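Student: Line order of the protein sequences matches chains D, B and C. Using the deposited numbering, the letters of the first sequence correspond one by one to residues 2 to 525. Using the deposited numbering, the letters of the second sequence correspond one by one to residues 2 to 526. Using the deposited numbering, the letters of the third sequence correspond one by one to residues 2 to 525. Starting off with a structure, shown below.
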Amino acid sequence: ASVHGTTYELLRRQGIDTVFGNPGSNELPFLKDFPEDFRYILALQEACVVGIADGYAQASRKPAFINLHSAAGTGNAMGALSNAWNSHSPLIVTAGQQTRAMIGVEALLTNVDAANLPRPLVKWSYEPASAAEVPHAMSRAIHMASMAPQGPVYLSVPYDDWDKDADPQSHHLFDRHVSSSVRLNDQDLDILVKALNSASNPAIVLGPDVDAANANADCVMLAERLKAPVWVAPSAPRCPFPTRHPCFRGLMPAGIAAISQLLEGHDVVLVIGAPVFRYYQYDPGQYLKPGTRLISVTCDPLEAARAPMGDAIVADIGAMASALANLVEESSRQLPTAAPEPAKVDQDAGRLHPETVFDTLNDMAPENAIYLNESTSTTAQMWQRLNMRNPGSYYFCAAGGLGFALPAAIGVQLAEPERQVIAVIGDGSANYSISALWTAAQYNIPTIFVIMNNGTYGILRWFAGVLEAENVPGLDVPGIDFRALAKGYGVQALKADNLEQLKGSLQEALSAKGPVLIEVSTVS
Amino acid sequence: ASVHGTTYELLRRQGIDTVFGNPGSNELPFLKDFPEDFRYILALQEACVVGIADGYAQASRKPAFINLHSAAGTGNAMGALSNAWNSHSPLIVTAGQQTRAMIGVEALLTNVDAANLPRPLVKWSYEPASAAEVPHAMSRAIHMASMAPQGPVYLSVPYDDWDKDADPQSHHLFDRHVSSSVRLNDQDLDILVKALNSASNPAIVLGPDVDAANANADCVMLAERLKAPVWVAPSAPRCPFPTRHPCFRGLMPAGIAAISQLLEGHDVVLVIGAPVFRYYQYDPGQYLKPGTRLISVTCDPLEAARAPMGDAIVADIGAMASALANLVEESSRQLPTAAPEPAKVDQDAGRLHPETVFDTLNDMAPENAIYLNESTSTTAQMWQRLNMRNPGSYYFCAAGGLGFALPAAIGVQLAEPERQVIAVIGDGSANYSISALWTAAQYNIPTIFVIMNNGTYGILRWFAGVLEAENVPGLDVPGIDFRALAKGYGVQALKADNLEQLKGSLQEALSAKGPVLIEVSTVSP
Amino acid sequence: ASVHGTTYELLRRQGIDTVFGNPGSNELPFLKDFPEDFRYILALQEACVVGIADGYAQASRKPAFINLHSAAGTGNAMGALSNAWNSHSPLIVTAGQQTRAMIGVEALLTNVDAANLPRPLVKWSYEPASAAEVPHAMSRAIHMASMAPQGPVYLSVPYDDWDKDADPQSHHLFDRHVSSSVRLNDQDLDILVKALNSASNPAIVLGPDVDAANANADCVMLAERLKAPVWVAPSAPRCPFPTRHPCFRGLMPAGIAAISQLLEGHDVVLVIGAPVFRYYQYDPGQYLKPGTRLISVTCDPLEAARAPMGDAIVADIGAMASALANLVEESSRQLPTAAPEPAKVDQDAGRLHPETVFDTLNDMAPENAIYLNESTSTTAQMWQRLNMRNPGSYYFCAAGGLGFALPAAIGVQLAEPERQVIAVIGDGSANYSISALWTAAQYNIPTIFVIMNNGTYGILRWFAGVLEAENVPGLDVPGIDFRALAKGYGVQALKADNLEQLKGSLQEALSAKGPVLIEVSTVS
Ligand SMILES: Cc1ncc(C[n+]2csc(CCOP(=O)(O)OP(=O)(O)O)c2C)c(N)n1
Ligand SMILES: Cc1ncc(C[n+]2csc(CCOP(=O)(O)OP(=O)(O)O)c2C)c(N)n1
Ligand SMILES: Cc1ncc(C[n+]2csc(CCOP(=O)(O)OP(=O)(O)O)c2C)c(N)n1
Ligand SMILES: [Ca+2]
Ligand SMILES: [Ca+2]
Ligand SMILES: [Ca+2]
Ligand SMILES: [Mg+2]
């Protein structure tokens, strides 16, 4: 058997049947004789390729396979990999390398010191020392990406390797099962449950790894058992809790003082599946107010190590959430009261307020809709106004790297064809991966794109105000016609200059058969 | 003085007055109080920001300054940095980092292992140990970028550093002059000259570093004195020789066997300013045929070390080219036999052949026009059919990384407002950096973009053909409206479905005052 | 408080009270005002510092703290870090950096690209961006080194940081508890238990991580339950099992074909706490013969991902071994019969056979002795002839990096003052970290060093034979007088040119009160 055949059988047996790519000469030998049982998803830009695979991996909760072209292709994908690292996305990234005979002279398309290129944004980077080693390296890549903490991995393969003969003993690779679904030992776990039962005013904080492990339901039960208010960790890449649940308290502000102030009065704080903490703005103060004890459960050793306070437990979030939810006593305390419904903002017949857009989406979108957010100046309003009952309903670039939501929305839609994906993207962020639109049109992926157009870098303007910075250039982005951009890539475009038009467009988009883009004129 | 004021004074004193950027919160403290003598050029994407800066640096023959945001921004620009490494572009890439007080907890926007991120694609990568060191670090970066072999450098700066006090002794950095324009010592230089003089059949091979050093004229004199045929190194990122000069033989095919054959018979082969060699396709054979002696002159130690044959000299192209040009004696040998004329290919009144397009461009474009090529399948024909007699008249992505030409065509146009830039770009390549068009509109850079739309990844379909590779997915890119994309970013758009329309389109484009995009319906392979 | 005080308090609160080091100017501001509750162990060389700390960490099953000088000091120690990586030794390596004001100009003693230097032989490499962060960085290092899979970490600190003001919120670091004591979920653990109970002919293979977790007893129980033969994985760094137990089958030869042959007939092979596998010699063949299924329990994701065959479970060895040992049913199968005692080799009145030396050590050493092996050409003989009943009784360079055993023997002896340490080192290996002897004499660490002198690189001479390689230079090391070297460093020395002198020297050595070195004349 050839390395080519052996490799595809490996992918197939490990449950991988989709290839997200942008091709090059180095990758032709691998793409040739493409298995009929495999699917290839072309994106025009590498940043788009990874974004789409990222959305697909996250929604499907399974590793995604990518094929890029040498250093140039890998390089273009770097920004996307930065997000994938933060969101623990299981991405197997392969890139074609020059033929071994030509690597020495550094011929054109040679990926120099290839393993080093994507570092430090991957848990594993590797180039095999021989063709026969390739299947085994691929097997390594598959399990490294899938083991906790999940993350992107990198593999470089010289194009001449694929036709070579593969080692017959590679058959042992096909059916390897690697598990990391583990939880705290019985003894220590009982001590933890003791502590939770004995707390007089517990609070719970959930991060994206809860949604990734589909432990949302288990967390809901745990909260109901402890009668505890629930928060989502700051800078949230996902949503791990029904946002209308009486326990839900909303998105924590990404500041040190702000968070210790919020947790004040809570004697024990259970953090599940989140870093402690993913702060953003400079907000000096106490990490925790005296009287508050923090206990962290995380799947990532790097997160437990760098937390500046509290105890940490490194385990699988799914197994841990399940264990706790089923072991804690039912507290007699009153169940928390659901937060009040957001106030209706005053809306004239002009440009729409971000609050109005969200309220309208909430009224018109299906109950099982999936939202992506890359509208940076309106994130807070988005969490308050969208009712998200189900898991996997929200995605936001995990490292703050723009260009994520647009291609990811296509990947997510591909992963969940029964759920309407609605991406809310700012006029600024939209340009980073605009060409992903073409993939949506080409593969009939009925994703809905809502472009929030206020002609500027909203968030940046705000920051410039709180720093008091004057004469800052490059904050404005006038002169972009997004309907023409969407026509450029074969996507139906609509405009919403006002509320009347916004409802009309939303109704039309929801009904349309293919992907639709709506340009909304929002206030500055 | 603040680190902010000191750093801007250093850039000012070092001849930098332009900043290509895409801003983020980590960079606000730096962009604030933007000096009135500085000019900021905004790009919607990072790849686009770097590409434009690259074109600007290569055409101006001076280092370019870039400001990006954290790892996300730097990452988006990696593909572009691969090209820049290969073309020795002097680029100074600075990226904002999180406040020092917030790095430890790895807050959002922290650039982890910052200096490691752009490796191995930069000459130098660094994050200062404190605020006061920032100005010094910036100096190191400026000089690392400008010193032979020129290249991109990376500097990460925590945003809280800008408002801090600078070391008073930082003033010593302002007027620092560093020179690397050196040449072979007199003794060894005379020996080399003697070799060239005694050669009975020398050949010359020029690389992109010749055009970078503006050594084209000196190389012409040298070629004329030696009466030697002149070739351009394979995968040529630039043009270092008048393509219509009688010594010019053309672009070398990127194959080991193809090159040894072309050089057969030449007792002495002098290679100037090129890697040896930048092969591409697998084309196994002899590196050099017996009886052929090769001498390479490079400014990059890495190039001299990796060459699989010949002697090498690591020196400044400018100085070396000038020295040799004026040292070699005039040979009485006869000039090289005149090269045949590119045939006028068959063309009906339907979709245009790439050759028809190049012939028309060469007939209508000004003598001092600058071309940028990102049409991968038509490169060979472009070189045969375009008369480029001046320096700085050609750019092609140096590492083969697509997404170069479009933004770079804007950078080049900015650097040379008196020369008409004409980007020839395949429908595939055009998508990698499409948003760059917005920058041309916003700042009214009158670059002309010619999109060769054949609906496919031409070069790939061909390579798949020779490999007898059947059932290869992802080679077709149908359903792309480029006039609509141009409109989306505010650029005037025209279309050419046939020869007559192409001519009229070019005429209109050359008389336009702003950027113009022309979608050309070319024949699919 | 100062960064200096805060830091010593953190180490104190985290259980650290010993600094192994070799000082430099960059380390003076750290070492000044050395806390009275801390002890400092000086070594003449860096490879020796880390070797000693490594031995101490392995034997105490706790993280060892190290202090080295800048780049030159760190550099000198990288061979030893190579062993520590393979042994999963929890070493916290700290190295002084130039003052922040001088790093830019690259003054003398400046550690350029400090974080990159130790890579990739460390779990985590870091240099704080400010002095106030030093304490937090130290916290990360401590936890990163202690979390499974344990291993070495590296922190570079500019010497001017120590005298700076610490962040008051640093107090949150002091009592952080981080646990990775985890095991497979009940559901999946039940399936594994069933597979083991239904096994018709199971075998067990143990690695060094068993002895590290002190799960030896649990493994014994598991073995007796299942009535299964017990191997030790190849290239063994430690001894995870009593070598005279009825189930004990010995150390597996370090080859592919040899191991699959040995496992032939066993339907289920359970590998615990070992890579799969640490092969050495070139022995091509089947990874496993048909009919043999393999299950591996490892605490290291890198090991699980790279095994060429079998299923894997990534969990804590201590927790998993305990659960399994108490869950599996008692088999009705007949308990294996103990391996027959090794034959007595013929010994004339001249030089000594390695076999004779081990037989004599076994006869005269205490039952709780601790052996360290650096006699590369006599490892097999050593495993068969030494009866090691207890945990922590054997150590061997885990990456085959020589210069480990001499200093490590000192570290182990320091960690275990009640157990006699006996290091068996070849004349060749003795030279790599010879100056370590000084430390044993300085602090009167009564380690016994047995030098096997055959005046050559035995193992190398043997390998040159298999490859029929002739005319190989540098294989002989004549003219080394080890008694004079011991005298040079203040250690009592004895000689043994024959069996009668071996017995004599051994009795005196064991009766000795300080360290002793015995030079034994062994056959070629
Ligand atoms: C790749 C990348 N480039 C730049 C930034 C910095 N950045 C963050 S938000 C933002 C403005 C986003 O504009 P828009 O999409 O309009 O959101 P708005 O603030 O207008 O709601 C920028 C430039 C980033 N986070 N990632
Ligand atoms: C960033 C990047 N991605 C992928 C490739 C591989 N690649 C080389 S040529 C090519 C197709 C280019 O098509 P087009 O621009 O239409 O030129 P044509 O071949 O059609 O003439 C691709 C995908 C590359 N060189 N750079
Ligand atoms: C630092 C280091 N250098 C070299 C080697 C290679 N090596 C392994 S064993 C050996 C010879 C050891 O000889 P000795 O300690 O006398 O034992 P003998 O083979 O004589 O029994 C060498 C050179 C190594 N493993 N580590
Ligand atoms: Ca905006
Ligand atoms: Ca094309
Ligand atoms: Ca020896
Ligand atoms: Mg890198």
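For each residue, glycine too, the CB sits at the ideal point set by N, CA and C.
I think residue 72 of chain D touches residue 281 of chain B, with their Cβ atoms under 8 Å apart; what is that distance to the nearest whole Å?
Tutor: About 14 Å; that fails the 8 Å criterion.
Student: Let me make sure I understand the geometry here. Which of B:326, B:211, B:244 has the alpha-carbon closest to that of residue 339 of chain B?
Tutor: If we check each option's Cα against that of residue 339 of chain B, B:244 comes out closest.
Student: Would you check if the distance between the CB atom of residue 58 of chain C and the CB atom of residue 50 of chain C is smaller than 8 Å?
Tutor: Not in contact: residue 58 of chain C and residue 50 of chain C (Cβ atoms no closer than 8 Å).
Student: Closer than 7 Å: is that where the CB of residue 428 of chain D sits relative to any heavy atom of ligand 4?
Tutor: Answer for residue 428 of chain D: yes, Cβ within range of ligand 4.
Student: Thinking just about the alpha-carbon of each residue, which of D:248, D:440, D:232 is nearest to the one in residue 530 of chain D?
Tutor: Only positions 2 to 525 of chain D appear in this structure, which leaves residue 530 of chain D out of reach.
Student: Do you know how far the Cα of residue 197 of chain D is from the Cα of residue 326 of chain D?
Tutor: So the alpha carbons of these two residues sit roughly 11 Å apart.
Student: Give every residue of the same chain whose Cβ lies closer than 6 Å to the Cβ of residue 323 of chain B, excluding the five residues on either side of it in the sequence, and list them in chain order.
Tutor: Excluding residues within five positions, the ones whose Cβ falls inside 6 Å are 219.
Student: Just curious, the alpha helix (DSSP H) that residue 441 of chain B is in, first and last residue?
Tutor: It spans 438 to 443 - the alpha helix (DSSP H) in which residue 441 of chain B sits, taken as one unbroken run.
Student: Got a sec: does ligand 7 put a non-hydrogen atom nearer than 7 Å to the Cβ of residue 1 of chain B?
Tutor: A query on residue 1 of chain B cannot be resolved here, the shown segment of chain B reaching from 2 to 526 and no further.
Student: Taking three-plus beta-carbon pairs below 8 Å as touching, is the region 11 to 27 of chain C in contact with the region 372 to 379 of chain B?
Tutor: Not touching, per the Cβ criterion.
Student: For my contact list, residue 143 of chain B and residue 67 of chain B are in at a C-beta cut-off of 8 Å; report their separation, rounded to the angstrom.
Tutor: Wrong, their Cβ atoms sit about 12 Å apart, outside the cutoff.
Student: From residue 310 of chain B to residue 204 of chain B, what distance separates their C-alpha atoms?
Tutor: About 16 Å.
Student: Three or more C-beta pairs under 8 Å: does that hold for the region 136 to 153 of chain C against the region 282 to 294 of chain D?
Tutor: Touching, no, given that fewer than three Cβ pairs across the two stretches are closer than 8 Å.
Student: Is there at least one non-hydrogen atom of ligand 3 closer than 7 Å to the beta-carbon of residue 77 of chain C?
Tutor: Every heavy atom of ligand 3 is 7 Å or more from the Cβ of residue 77 of chain C, so no.
Student: With a threshold of 8 Å, are at least 3 pairs of Cβ atoms found where one atom belongs to the region 386 to 399 of chain D and the other to the region 251 to 261 of chain D?
Tutor: As far as the Cβ criterion goes, the region 386 to 399 of chain D does not touch the region 251 to 261 of chain D, which means the pair count is below three.
Student: Can you find at least 3 beta carbon pairs, one from the region 151 to 165 of chain D and one from the region 123 to 138 of chain D, that sit closer than 8 Å?
Tutor: Result yes; three or more Cβ-Cβ pairs closer than 8 Å.
Student: Would you please verify whether the beta carbon of residue 105 of chain B is less than 8 Å from any beta carbon of chain C?
Tutor: Yes - at least one Cβ of chain C is within 8 Å of the one on residue 105 of chain B.
Student: What is the DSSP secondary structure of residue 359 of chain C, reduced to helix, strand or coil?
Tutor: Residue 359 of chain C falls in the helix class under three-state DSSP.
Student: Taking the straight line between their C-alpha atoms, what separation do you get for residue 487 of chain D and residue 369 of chain B?
Tutor: Rounded to the nearest angstrom, the two C-alpha atoms are 37 Å apart.
Student: Does the beta-carbon distance from residue 521 of chain C to residue 494 of chain C come in below 8 Å?
Tutor: No.
Student: In chain C, what lies closer than 8 Å to residue 159 of chain B by C-beta?
Tutor: The answer, in chain order, is 130.
Student: With DSSP run on the structure shown, which of helix, strand or coil describes residue 295 of chain C?
Tutor: Here residue 295 of chain C sits in strand by DSSP.
Student: Select from C:312, C:88, C:252 the residue whose C-alpha is nearest the C-alpha of residue 141 of chain D.
Tutor: Here the closest residue by C-alpha is C:312.
Student: Going by beta-carbon coordinates alone, are residue 332 of chain D and residue 167 of chain D separated by less than 8 Å?
Tutor: No, these two residues do not count as a Cβ contact at 8 Å.
Student: Report yes if the C-beta distance between residue 29 of chain D and residue 139 of chain D is below 8 Å; otherwise report no.
Tutor: No. Outside cutoff.
Student: Using a Cβ-Cβ cut-off of 7 Å (strictly less than) and excluding sequence neighbours within five positions of residue 100 of chain B, which residues of its own chain qualify?
Tutor: 159, 160, 161.
Student: Using 8 Å as the threshold, is the region 507 to 524 of chain B in touch with the region 72 to 83 of chain B, meaning 3 or more CB pairs across them?
Tutor: With the cut-off at 8 Å, the region 507 to 524 of chain B and the region 72 to 83 of chain B do not touch.
Student: Within a Cβ cutoff of 8 Å, which residues of the same chain sit near residue 98 of chain C, ignoring the five residues on either side of it in sequence?
Tutor: Excluding residues within five positions, the ones whose Cβ falls inside 8 Å are 27, 71, 104, 111, 112, 115, 128, 157, 158, 159, 160.
Student: Got a sec, what are the start and stop residues for the beta strand (DSSP E) residue 426 of chain D sits in?
Tutor: From DSSP, the beta strand (DSSP E) with residue 426 of chain D extends over 422 to 427.
Student: Sort D:415, D:170, D:358 by Cα distance to residue 426 of chain D and report the nearest one.
Tutor: Closest option to residue 426 of chain D, Cα to Cα, is D:358.
Student: Considering only residues of the same chain and omitting the five flanking positions on each side of residue 7 of chain B, which have a CB-CB separation below 6 Å?
Tutor: These residues qualify, in order along the chain: 136, 167, 171.
Student: Counting only beta-carbon atoms, is residue 183 of chain D nearer than 8 Å to chain C?
Tutor: Chain C contact via Cβ: present.
Student: Against chain C, with Cβ distances strictly below 8 Å, would residue 137 of chain B count as a contact?
Tutor: Chain C contact via Cβ: present.
Student: In the region 39 to 88 of chain B, which residue ranges form an unbroken beta strand (DSSP E) of at least 3 residues, counting only runs that do not cross its ends?
Tutor: As far as the region 39 to 88 of chain B is concerned, its whole beta strand (DSSP E) runs of at least 3 residues are 40 to 43, 65 to 70.
Student: Closer than 6 Å by C-beta to residue 421 of chain C: which residues in its own chain qualify, once you throw out the five before and the five after it? Chain order, please.
Tutor: Closer than 6 Å at the Cβ level, and outside the excluded window around residue 421 of chain C, lie 367, 370.
Student: Please determine if the region 266 to 277 of chain B and the region 288 to 307 of chain B are in contact, where contact requires at least 3 C-beta pairs separated by less than 8 Å.
Tutor: Contact between the region 266 to 277 of chain B and the region 288 to 307 of chain B is present, because at least three Cβ pairs lie under 8 Å.
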